[PDB]
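Contents: one structure, followed by commentary.
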Amino acid sequence: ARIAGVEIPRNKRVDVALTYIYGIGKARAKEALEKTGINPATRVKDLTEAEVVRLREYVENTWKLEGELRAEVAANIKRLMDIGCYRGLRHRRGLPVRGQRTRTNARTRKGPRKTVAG
Amino acid sequence: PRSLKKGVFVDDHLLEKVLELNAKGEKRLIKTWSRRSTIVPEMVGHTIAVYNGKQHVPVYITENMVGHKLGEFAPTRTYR
Amino acid sequence: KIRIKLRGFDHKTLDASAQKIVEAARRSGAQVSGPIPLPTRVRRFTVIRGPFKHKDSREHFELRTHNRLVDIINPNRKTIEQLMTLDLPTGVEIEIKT
Amino acid sequence: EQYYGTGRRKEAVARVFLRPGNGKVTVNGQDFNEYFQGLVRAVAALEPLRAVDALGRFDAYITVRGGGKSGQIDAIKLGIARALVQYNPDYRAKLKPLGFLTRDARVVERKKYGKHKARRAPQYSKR
Amino acid sequence: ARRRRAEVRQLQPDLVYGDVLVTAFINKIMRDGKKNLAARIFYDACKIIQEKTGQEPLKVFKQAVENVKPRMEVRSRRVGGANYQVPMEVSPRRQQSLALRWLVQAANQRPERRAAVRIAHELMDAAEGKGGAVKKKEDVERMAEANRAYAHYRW
Amino acid sequence: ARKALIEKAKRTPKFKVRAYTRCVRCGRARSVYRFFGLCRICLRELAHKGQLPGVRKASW
Amino acid sequence: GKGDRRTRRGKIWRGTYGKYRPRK
Amino acid sequence: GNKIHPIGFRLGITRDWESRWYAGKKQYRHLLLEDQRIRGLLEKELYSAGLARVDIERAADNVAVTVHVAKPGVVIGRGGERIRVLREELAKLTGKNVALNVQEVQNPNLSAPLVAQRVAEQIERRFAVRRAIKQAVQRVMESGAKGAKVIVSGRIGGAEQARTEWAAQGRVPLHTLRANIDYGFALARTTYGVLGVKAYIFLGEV
RNA sequence: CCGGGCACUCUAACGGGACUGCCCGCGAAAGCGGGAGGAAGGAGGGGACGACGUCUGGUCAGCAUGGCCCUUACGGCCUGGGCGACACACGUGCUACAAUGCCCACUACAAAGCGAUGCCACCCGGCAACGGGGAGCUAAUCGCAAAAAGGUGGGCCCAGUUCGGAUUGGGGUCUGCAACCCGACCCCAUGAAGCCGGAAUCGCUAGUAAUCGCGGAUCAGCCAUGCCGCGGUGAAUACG
Ligand SMILES: [Mg+2]
Ligand SMILES: [Mg+2]
Ligand SMILES: [Mg+2]
Ligand SMILES: [Mg+2]
Ligand SMILES: [Mg+2]
Ligand SMILES: [Mg+2]
Ligand SMILES: [Mg+2]
Ligand SMILES: [Mg+2]
Ligand SMILES: [Mg+2]
Ligand SMILES: [Mg+2]
Ligand SMILES: [Mg+2]
Ligand SMILES: [Mg+2]
Ligand SMILES: [Mg+2]
Ligand SMILES: [Mg+2]
Ligand SMILES: [Mg+2]
Ligand SMILES: [Mg+2]
Ligand SMILES: [Mg+2]
Ligand SMILES: [Mg+2]
Ligand SMILES: [Zn+2]
């Protein structure tokens with residue numbers, strides 16, 4: 001049931017399925033199935049043309065999803081990065097940004113360990 | 001995911017000093033030690049020298065940085 | 001009709017002190033609610049034996065604050081007499097509010 | 001008319017009030033099978049009765065407080081064994097070979113310092 | 001155990017069958033000390049050996065264990081830098097310990113998603129004479145024999 | 001306890017923020033209990049004496 | 001698990017309350 | 001180093017507190033700092049008198065302070081002199097008007113706090129540590145005592161290398177939490193450094 | 001809940017009780033094995049407690065202290081920065097990698113502690129953190145509190161997933177003179193590695209290990225997954 005900018009959830013419950021949409025997840029799932037009054041447990045394949053239409057309508061108009069959403073974040077980071085901003089540098093140098101200790105566990109933001117001679 | 005409830009913060013000596021320059025039109029170069037102050041449109045166009053703990057750095061303020069605090073533009077440490 | 005909680009650190013300088021307020025008010029008023037215990041509130045301090053490092057030795061210190069009740073129903077002048085200012089022990093503090 | 005017994009375990013207190021009857025066991029104003037809602041071992045608690053052909057000759061009102069259902073289960077088992085002997089003293093004569101009368105003294109060991117859990121000691125290295 | 005020979009910790013009989021072996025088996029299933037869910041799993045397994053076998057579960061259980069019990073095993077013993085696999089008898093105590101342990105082990109290697117199924121099917125194939133548990137038992141006994149040569153290091 | 005740093009007693013600090021415990025015997029500004037105004041070390045010393053009423057050797 | 005900020009148990013572990021762990 | 005302070009180790013039984021007053025969460029830390037301030041004065045004042053113990057009881061603005069001594073005369077003064085000059089500085093300290101009794105010590109040889117305080121004395125005058133201690137232990141053993149034992153720290157004699165002198169006689173069980181052993185410390189400023197004295201006096205068991 | 005009553009639970013104080021005392025076997029004796037009585041049996045279980053001495057062990061930044069050295073300064077005040085830096089290496093931990101599980105709902109058993117400008121019932125506003133209002137307690141009579149695991153029901157259907165929550169974007173709450181460096185918290189969004197870990201290596205012998213949650217000290221707040229302590233459920237194995 002291609003909803004948000006070319007989505008495709010199927011064979012699984014709609015809520016769980018709606019998730020596969022970028023800007024969507026658990027929370028916003030209920031909201032859409034709640035307001036759009038569709039049973040959350042129906043298989044996307046068991047949906048009604050009348051419901052899919054409705055769903056898409058709410059979801060696509062109410063929240064910034066997929067591609068567009070990314071564009072925003074991208075530009076958001078490039079922003080505090082274009083400006084002197086400290087967080088900018090961190091995004092630049094590549095080290096964490098939410099004031100965490102880098103002497104150790106910072107692998108997720110740093111990547112594989114580039115071991116050097118001691 | 002920032003914070004500061006209701007009532008932005010800016011140190012007096014810096015604030016009631018910046019706007020004091022607007023009255024006289026415009027000034028050239030300032031310098032505070034309170035990097036704790038929030039930036040505000042009142043500053044747009046000015047140049048505040050923020051102390052990092054060792055020096056006073058010229059920090060040209062712009063509309064795009066109106067929310068950040070001076071310190072964010074005066075990096076504390078020196079690395080590689 | 002007389003709430004008088006006896007609190008002390010020594011469980012003997014109390015049990016004894018309450019045994020007074022009871023007798024010195026038994027034959028003067030009713031018979032009193034006898035001495036009532038009430039769970040003790042033990043404080044605790046756990047400090048490292050020596051200074052600097054050695055963080056695995058400690059040693060434990062408490063400070064149990066015992067309790068008591070008494071409670072005399074039906075006070076009769078001579079009762080508030082045998083009491084009044086006829087207290088003795090030093091390791092006790094009393095609260096009255098009959 | 002009635003028969004009492006206490007019983008306690010792993011820090012749990014069970015009040016046992018036996019009375020002749022059809023075997024209607026209650027616990028805190030609740031059906032036995034209600035308080036111990038499917039806890040497999042629950043049955044245990046009454047093992048002393050079933051150990052003297054009772055149960056179907058007795059009935060019991062029970063108050064249980066402190067700890068957890070498992071302890072309570074055994075705490076009960078005791079009183080019901082004590083009262084059972086309190087009812088008829090010649091009972092223990094064969095109720096003891098199963099020690100239903102012993103009050104399991106096994107209790108949580110204090111948490112010592114320098115050690116994660118009384119015994120569980122911190123792990124080390126470079127040794 | 002340097003002082004005296006440890007006590008074979010006596011177990012309490014099974015509530016549902018009054019057997020101590022069952023409890024033992026139940027204990028090996030239990031993990032994180034959750035005897036309920038442990039006891040449960042086992043019993044559902046017995047009920048499954050019903051909807052599938054006209055024989056009494058306990059009957060199955062007993063026979064399953066009896067087959068997964070190794071009667072000979074290898075134990076190391078240094079003698080000149082090279083430690084040889086000495087084959088020796090397996091005492092009933094361990095013979096039982098090893099069996100139950102192996103049952104629960106093999107059972108949990110199985111593909112069926114539900115716990116009790118895995119256990120019932122393992123108990124089942126156990127009495128049948130097949131299945132991973134009985135496998136280990138056999139690979140072991142094979143180890144002895146394959147070392148009769150070193151049997152003279154009995155002790 | 002650098003003396004000049006016994007300026008804790010100075011009450012008025014500008015902001016109650018800058019107010020800190022300090023041992024009322026040694027000056028220790030660490031592991032300084034409240035119910036005693038003492039540091040973990042003196043608490044131990046005096047306690048061993050008796051100058052800390054009630055404070056006995058805990059055991060259980 | 002206990003690590004999940006936005007789930008029942010996670011709230012408990014982190015000691016807090018919120019939409020995922022109401023006061024009642 | 002090990003061994004628990006034999007006093008704090010017996011505070012329960014065979015040894016009572018030196019401050020038997022009950023305050024509370026809000027007061028306690030205050031009524032505590034007080035005693036100190038007190039003992040502080042009673043220390044750097046009544047030294048010459050030879051202060052053994054210095055109890056302190058309270059009842060709200062009513063404080064005891066039964067200073068035990070060897071030479072009560074020094075505490076008193078001519079007539080009733082001193083035991084007033086100080087009874088004065090006292091309320092200047094504790095704004096809670098307190099007494100200032102005085103009890104005497106039955107033999108300054110059974111008073112560990114003194115014996116130790118004593119051996120420390122000789123050590124400052126430059127006496128012979130080994131003997132000083134041998135004597136001390138004796139003084140104590142002659143004047144009763146089911147056991148006694150003194151101990152000095154190191155640098156004995158002025159030696160660049162710190163040592164530790166012994167001396168002990170008659171049962172002095174530190175493990176039998178029932179015996180009852182008065183224990184006393186005592187420093188010893190010196191030309192070249194501090195030394196430390198300890199006295200244990202076993203007297204009566206049950 | 002009220003009357004009412006102390007029996008029962010409990011609260012806390014004193015005391016009773018276990019000594020190989022009794023029974024049989026062995027023994028010179030001490031004692032050993034078994035057995036009855038008994039809540040408990042041979043040190044019932046756990047604490048406190050650590051000999052003469054060792055390491056020139058640790059600590060002069062707790063404190064005390066000999067000598068040494070500085071005295072517009074090696075002393076003092078302050079604002080800001082730093083102790084939180086990160087190509088790397090190690091120790092102790094936390095949370096996981098899932099179905100003996102995760103989620104939602106309903107529903108059941110704890111112990112030990114803490115509470116004046118503190119715990120904060122109940123109420124209303126908010127998805128919420130939190131805010132506004134406000135009762136009770138000086139606390140066995142009020143509050144923190146919900147114990148969690150568990151039990152019942154329903155969902156997920158073996159997938160990097162309804163496993164897992166890193167990381168990052170955005171919005172906001174509270175503490176605080178002030179959260180850039182550098183606080184915690186809530187909500188939305190993002191949703192990483194991880195499929196049980198090489199060589200090697202740690203803990204534990206019973207209500208122990210393993211697992212589950214609860215309190216407290218410090219403390220404005222908090223970087224506590226740390227430490228000290230509490231109780232629920234509750235094993236395996238020891239020939240030697
Ligand atoms: Mg999504
Ligand atoms: Mg430590
Ligand atoms: Mg440690
Ligand atoms: Mg535990
Ligand atoms: Mg100093
Ligand atoms: Mg502070
Ligand atoms: Mg999850
Ligand atoms: Mg001993
Ligand atoms: Mg050295
Ligand atoms: Mg060193
Ligand atoms: Mg020095
Ligand atoms: Mg400074
Ligand atoms: Mg550091
Ligand atoms: Mg950790
Ligand atoms: Mg993924
Ligand atoms: Mg998987
Ligand atoms: Mg052991
Ligand atoms: Mg062993
Ligand atoms: Zn101190």
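Residue numbering restarts at 1 for every chain of the structure tokens, chains are lettered A, B, ... in their displayed order, and ligands are numbered from 1 as they appear.
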
Contact residues around range 113-122 of chain D with only C-alpha atoms (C1' of nucleotides) at 9 Å, ignoring same-chain residues under 3 positions, as a PyMOL selection string: (chain C and resi 55-59) or (chain D and resi 109-110) or (chain I and resi 92+202-204+208-209+227-228)

File dump, residues just selected, N, CA, C and O atoms (P, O5', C5', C4', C3', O3' and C1' of nucleotides), as a PDB file, in the first residue's frame:
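In the end it all went to again-v2.pdb:
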ATOM      1  N   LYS C  55      39.548   0.815  49.525  1.00  0.00           N
ATOM      2  CA  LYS C  55      38.111   1.031  49.534  1.00  0.00           C
ATOM      3  C   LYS C  55      37.301  -0.219  49.817  1.00  0.00           C
ATOM      4  O   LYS C  55      36.096  -0.211  49.648  1.00  0.00           O
ATOM      5  N   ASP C  56      37.935  -1.282  50.286  1.00  0.00           N
ATOM      6  CA  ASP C  56      37.185  -2.505  50.523  1.00  0.00           C
ATOM      7  C   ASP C  56      37.083  -2.991  51.957  1.00  0.00           C
ATOM      8  O   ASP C  56      36.731  -4.154  52.189  1.00  0.00           O
ATOM      9  N   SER C  57      37.362  -2.111  52.917  1.00  0.00           N
ATOM     10  CA  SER C  57      37.317  -2.476  54.336  1.00  0.00           C
ATOM     11  C   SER C  57      36.154  -1.856  55.122  1.00  0.00           C
ATOM     12  O   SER C  57      35.418  -2.553  55.821  1.00  0.00           O
ATOM     13  N   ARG C  58      36.007  -0.540  55.030  1.00  0.00           N
ATOM     14  CA  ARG C  58      34.929   0.160  55.720  1.00  0.00           C
ATOM     15  C   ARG C  58      34.832   0.013  57.256  1.00  0.00           C
ATOM     16  O   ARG C  58      35.738   0.407  57.974  1.00  0.00           O
ATOM     17  N   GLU C  59      33.714  -0.536  57.728  1.00  0.00           N
ATOM     18  CA  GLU C  59      33.343  -0.742  59.152  1.00  0.00           C
ATOM     19  C   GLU C  59      32.014  -0.005  59.344  1.00  0.00           C
ATOM     20  O   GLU C  59      31.849   1.131  58.879  1.00  0.00           O
TER      21      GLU C  59
ATOM     22  N   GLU D 109      21.341 -14.393  53.312  1.00  0.00           N
ATOM     23  CA  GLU D 109      22.603 -14.059  53.937  1.00  0.00           C
ATOM     24  C   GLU D 109      22.878 -12.561  53.755  1.00  0.00           C
ATOM     25  O   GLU D 109      22.628 -11.973  52.697  1.00  0.00           O
ATOM     26  N   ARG D 110      23.369 -11.947  54.820  1.00  0.00           N
ATOM     27  CA  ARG D 110      23.681 -10.531  54.824  1.00  0.00           C
ATOM     28  C   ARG D 110      24.621 -10.197  53.673  1.00  0.00           C
ATOM     29  O   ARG D 110      25.391 -11.044  53.235  1.00  0.00           O
TER      30      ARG D 110
ATOM     31  P     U I  92      38.382  -6.950  34.731  1.00  0.00           P
ATOM     32  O5'   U I  92      37.561  -5.864  35.541  1.00  0.00           O
ATOM     33  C5'   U I  92      37.682  -5.781  36.966  1.00  0.00           C
ATOM     34  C4'   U I  92      36.675  -4.810  37.504  1.00  0.00           C
ATOM     35  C3'   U I  92      35.233  -5.162  37.199  1.00  0.00           C
ATOM     36  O3'   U I  92      34.729  -6.007  38.225  1.00  0.00           O
ATOM     37  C1'   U I  92      35.658  -2.894  36.656  1.00  0.00           C
ATOM     38  P     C I 202      41.846 -16.513  36.611  1.00  0.00           P
ATOM     39  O5'   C I 202      40.544 -15.666  36.945  1.00  0.00           O
ATOM     40  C5'   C I 202      40.636 -14.316  37.419  1.00  0.00           C
ATOM     41  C4'   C I 202      39.279 -13.835  37.879  1.00  0.00           C
ATOM     42  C3'   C I 202      38.527 -14.743  38.852  1.00  0.00           C
ATOM     43  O3'   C I 202      38.873 -14.503  40.211  1.00  0.00           O
ATOM     44  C1'   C I 202      37.085 -14.065  37.105  1.00  0.00           C
ATOM     45  P     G I 203      38.498 -15.586  41.345  1.00  0.00           P
ATOM     46  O5'   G I 203      36.924 -15.438  41.532  1.00  0.00           O
ATOM     47  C5'   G I 203      36.334 -14.186  41.947  1.00  0.00           C
ATOM     48  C4'   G I 203      34.843 -14.338  42.084  1.00  0.00           C
ATOM     49  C3'   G I 203      34.444 -15.535  42.919  1.00  0.00           C
ATOM     50  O3'   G I 203      34.436 -15.211  44.284  1.00  0.00           O
ATOM     51  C1'   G I 203      33.195 -15.533  40.913  1.00  0.00           C
ATOM     52  P     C I 204      34.720 -16.358  45.353  1.00  0.00           P
ATOM     53  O5'   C I 204      33.370 -17.200  45.370  1.00  0.00           O
ATOM     54  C5'   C I 204      32.136 -16.604  45.811  1.00  0.00           C
ATOM     55  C4'   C I 204      30.982 -17.502  45.479  1.00  0.00           C
ATOM     56  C3'   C I 204      31.106 -18.929  45.994  1.00  0.00           C
ATOM     57  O3'   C I 204      30.641 -19.043  47.331  1.00  0.00           O
ATOM     58  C1'   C I 204      30.517 -18.950  43.693  1.00  0.00           C
ATOM     59  P     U I 208      21.343 -16.278  50.132  1.00  0.00           P
ATOM     60  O5'   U I 208      22.597 -16.918  49.378  1.00  0.00           O
ATOM     61  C5'   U I 208      23.898 -16.916  50.030  1.00  0.00           C
ATOM     62  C4'   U I 208      24.919 -17.701  49.244  1.00  0.00           C
ATOM     63  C3'   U I 208      25.011 -17.376  47.767  1.00  0.00           C
ATOM     64  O3'   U I 208      25.944 -16.324  47.616  1.00  0.00           O
ATOM     65  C1'   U I 208      25.018 -19.735  48.108  1.00  0.00           C
ATOM     66  P     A I 209      25.721 -15.222  46.488  1.00  0.00           P
ATOM     67  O5'   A I 209      25.837 -16.066  45.146  1.00  0.00           O
ATOM     68  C5'   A I 209      27.106 -16.600  44.719  1.00  0.00           C
ATOM     69  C4'   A I 209      26.947 -17.353  43.423  1.00  0.00           C
ATOM     70  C3'   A I 209      26.185 -16.625  42.331  1.00  0.00           C
ATOM     71  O3'   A I 209      27.061 -15.807  41.577  1.00  0.00           O
ATOM     72  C1'   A I 209      25.422 -18.871  42.510  1.00  0.00           C
ATOM     73  P     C I 227      29.826  -1.731  42.721  1.00  0.00           P
ATOM     74  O5'   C I 227      29.900  -0.976  44.114  1.00  0.00           O
ATOM     75  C5'   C I 227      31.156  -0.511  44.634  1.00  0.00           C
ATOM     76  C4'   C I 227      30.945   0.215  45.943  1.00  0.00           C
ATOM     77  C3'   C I 227      30.119  -0.528  46.976  1.00  0.00           C
ATOM     78  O3'   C I 227      30.972  -1.331  47.758  1.00  0.00           O
ATOM     79  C1'   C I 227      29.380   1.724  46.797  1.00  0.00           C
ATOM     80  P     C I 228      30.382  -2.606  48.519  1.00  0.00           P
ATOM     81  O5'   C I 228      29.446  -1.972  49.644  1.00  0.00           O
ATOM     82  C5'   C I 228      30.008  -1.290  50.801  1.00  0.00           C
ATOM     83  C4'   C I 228      28.907  -0.812  51.727  1.00  0.00           C
ATOM     84  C3'   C I 228      27.858  -1.858  52.058  1.00  0.00           C
ATOM     85  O3'   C I 228      28.225  -2.623  53.185  1.00  0.00           O
ATOM     86  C1'   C I 228      26.800   0.181  51.441  1.00  0.00           C
TER      87        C I 228
END

Test item: residues at most 12 Å from residue 60 in chain E, only C-alpha atoms (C1' of nucleotides), excluding those fewer than 4 positions along its chain, as a ChimeraX atom specification: /E:22,45-50,52-56,64-67,119-129

Dump of N, CA and C atoms for the selected residues, as a PDB file, in the first residue's frame:
ATOM      1  N   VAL E  22      12.466 -36.502  38.399  1.00  0.00           N
ATOM      2  CA  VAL E  22      11.746 -35.474  37.666  1.00  0.00           C
ATOM      3  C   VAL E  22      12.197 -34.083  38.120  1.00  0.00           C
ATOM      4  N   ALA E  45       5.239 -30.741  28.528  1.00  0.00           N
ATOM      5  CA  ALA E  45       5.969 -31.711  27.733  1.00  0.00           C
ATOM      6  C   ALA E  45       5.387 -33.100  27.968  1.00  0.00           C
ATOM      7  N   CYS E  46       5.013 -33.392  29.209  1.00  0.00           N
ATOM      8  CA  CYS E  46       4.434 -34.694  29.520  1.00  0.00           C
ATOM      9  C   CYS E  46       3.080 -34.826  28.846  1.00  0.00           C
ATOM     10  N   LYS E  47       2.320 -33.736  28.853  1.00  0.00           N
ATOM     11  CA  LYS E  47       1.005 -33.736  28.235  1.00  0.00           C
ATOM     12  C   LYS E  47       1.129 -33.932  26.728  1.00  0.00           C
ATOM     13  N   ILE E  48       2.236 -33.466  26.155  1.00  0.00           N
ATOM     14  CA  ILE E  48       2.475 -33.615  24.722  1.00  0.00           C
ATOM     15  C   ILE E  48       2.893 -35.041  24.385  1.00  0.00           C
ATOM     16  N   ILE E  49       3.554 -35.710  25.318  1.00  0.00           N
ATOM     17  CA  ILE E  49       3.955 -37.084  25.073  1.00  0.00           C
ATOM     18  C   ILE E  49       2.681 -37.929  25.169  1.00  0.00           C
ATOM     19  N   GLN E  50       1.561 -37.251  25.412  1.00  0.00           N
ATOM     20  CA  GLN E  50       0.254 -37.897  25.503  1.00  0.00           C
ATOM     21  C   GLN E  50      -0.492 -37.741  24.188  1.00  0.00           C
ATOM     22  N   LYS E  52       0.401 -37.415  21.684  1.00  0.00           N
ATOM     23  CA  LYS E  52       1.189 -38.051  20.641  1.00  0.00           C
ATOM     24  C   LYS E  52       1.581 -39.479  20.983  1.00  0.00           C
ATOM     25  N   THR E  53       1.492 -39.848  22.255  1.00  0.00           N
ATOM     26  CA  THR E  53       1.850 -41.205  22.656  1.00  0.00           C
ATOM     27  C   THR E  53       0.832 -41.799  23.612  1.00  0.00           C
ATOM     28  N   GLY E  54       0.408 -43.024  23.327  1.00  0.00           N
ATOM     29  CA  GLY E  54      -0.560 -43.681  24.182  1.00  0.00           C
ATOM     30  C   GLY E  54       0.086 -44.206  25.449  1.00  0.00           C
ATOM     31  N   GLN E  55       1.338 -43.809  25.678  1.00  0.00           N
ATOM     32  CA  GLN E  55       2.098 -44.236  26.854  1.00  0.00           C
ATOM     33  C   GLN E  55       2.159 -43.113  27.883  1.00  0.00           C
ATOM     34  N   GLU E  56       2.313 -43.473  29.156  1.00  0.00           N
ATOM     35  CA  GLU E  56       2.381 -42.472  30.215  1.00  0.00           C
ATOM     36  C   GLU E  56       3.678 -41.693  30.144  1.00  0.00           C
ATOM     37  N   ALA E  64      13.772 -42.553  28.567  1.00  0.00           N
ATOM     38  CA  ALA E  64      14.586 -41.602  27.812  1.00  0.00           C
ATOM     39  C   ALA E  64      15.932 -41.406  28.499  1.00  0.00           C
ATOM     40  N   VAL E  65      15.891 -41.146  29.802  1.00  0.00           N
ATOM     41  CA  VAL E  65      17.101 -40.956  30.588  1.00  0.00           C
ATOM     42  C   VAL E  65      17.983 -42.197  30.478  1.00  0.00           C
ATOM     43  N   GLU E  66      17.409 -43.348  30.798  1.00  0.00           N
ATOM     44  CA  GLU E  66      18.139 -44.606  30.754  1.00  0.00           C
ATOM     45  C   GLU E  66      18.951 -44.809  29.478  1.00  0.00           C
ATOM     46  N   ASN E  67      18.518 -44.208  28.378  1.00  0.00           N
ATOM     47  CA  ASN E  67      19.244 -44.375  27.130  1.00  0.00           C
ATOM     48  C   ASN E  67      20.363 -43.363  26.933  1.00  0.00           C
ATOM     49  N   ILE E 119      11.389 -30.171  24.521  1.00  0.00           N
ATOM     50  CA  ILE E 119      11.688 -31.113  25.576  1.00  0.00           C
ATOM     51  C   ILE E 119      10.960 -32.435  25.415  1.00  0.00           C
ATOM     52  N   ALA E 120       9.695 -32.373  25.010  1.00  0.00           N
ATOM     53  CA  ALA E 120       8.911 -33.587  24.818  1.00  0.00           C
ATOM     54  C   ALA E 120       9.467 -34.373  23.638  1.00  0.00           C
ATOM     55  N   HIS E 121       9.696 -33.677  22.530  1.00  0.00           N
ATOM     56  CA  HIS E 121      10.232 -34.328  21.348  1.00  0.00           C
ATOM     57  C   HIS E 121      11.611 -34.925  21.618  1.00  0.00           C
ATOM     58  N   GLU E 122      12.400 -34.277  22.471  1.00  0.00           N
ATOM     59  CA  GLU E 122      13.709 -34.818  22.790  1.00  0.00           C
ATOM     60  C   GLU E 122      13.512 -36.039  23.686  1.00  0.00           C
ATOM     61  N   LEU E 123      12.617 -35.928  24.666  1.00  0.00           N
ATOM     62  CA  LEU E 123      12.371 -37.055  25.555  1.00  0.00           C
ATOM     63  C   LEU E 123      11.884 -38.191  24.689  1.00  0.00           C
ATOM     64  N   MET E 124      10.998 -37.856  23.759  1.00  0.00           N
ATOM     65  CA  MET E 124      10.453 -38.859  22.876  1.00  0.00           C
ATOM     66  C   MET E 124      11.559 -39.545  22.097  1.00  0.00           C
ATOM     67  N   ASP E 125      12.225 -38.816  21.203  1.00  0.00           N
ATOM     68  CA  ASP E 125      13.302 -39.416  20.414  1.00  0.00           C
ATOM     69  C   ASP E 125      14.341 -40.105  21.314  1.00  0.00           C
ATOM     70  N   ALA E 126      14.387 -39.686  22.575  1.00  0.00           N
ATOM     71  CA  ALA E 126      15.326 -40.259  23.527  1.00  0.00           C
ATOM     72  C   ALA E 126      14.996 -41.727  23.738  1.00  0.00           C
ATOM     73  N   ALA E 127      13.777 -42.003  24.194  1.00  0.00           N
ATOM     74  CA  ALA E 127      13.359 -43.380  24.423  1.00  0.00           C
ATOM     75  C   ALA E 127      13.414 -44.149  23.110  1.00  0.00           C
ATOM     76  N   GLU E 128      13.157 -43.449  22.008  1.00  0.00           N
ATOM     77  CA  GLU E 128      13.209 -44.045  20.674  1.00  0.00           C
ATOM     78  C   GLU E 128      14.624 -44.568  20.418  1.00  0.00           C
ATOM     79  N   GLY E 129      15.612 -43.844  20.937  1.00  0.00           N
ATOM     80  CA  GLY E 129      16.994 -44.246  20.764  1.00  0.00           C
ATOM     81  C   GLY E 129      17.756 -43.353  19.808  1.00  0.00           C
TER      82      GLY E 129
END

Two-atom distance - CA of residue 40 in chain B, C1' of residue 130 in chain I (Å):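 Separation of CA of residue 40 in chain B and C1' of residue 130 in chain I: 27.3 Å.
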
Separation of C1' of residue 11 in chain I from CA of residue 39 in chain C, in Å and rounded to one decimal: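 Between these atoms lies a distance of 5.4 Å.
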
Counting only C-alpha atoms (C1' of nucleotides), chain H residues within 12 Å of chain I, as an MDAnalysis selection string: chainID H and resid 1:6 8:10 12 24:26 155 158:163 166 173:177 187:196
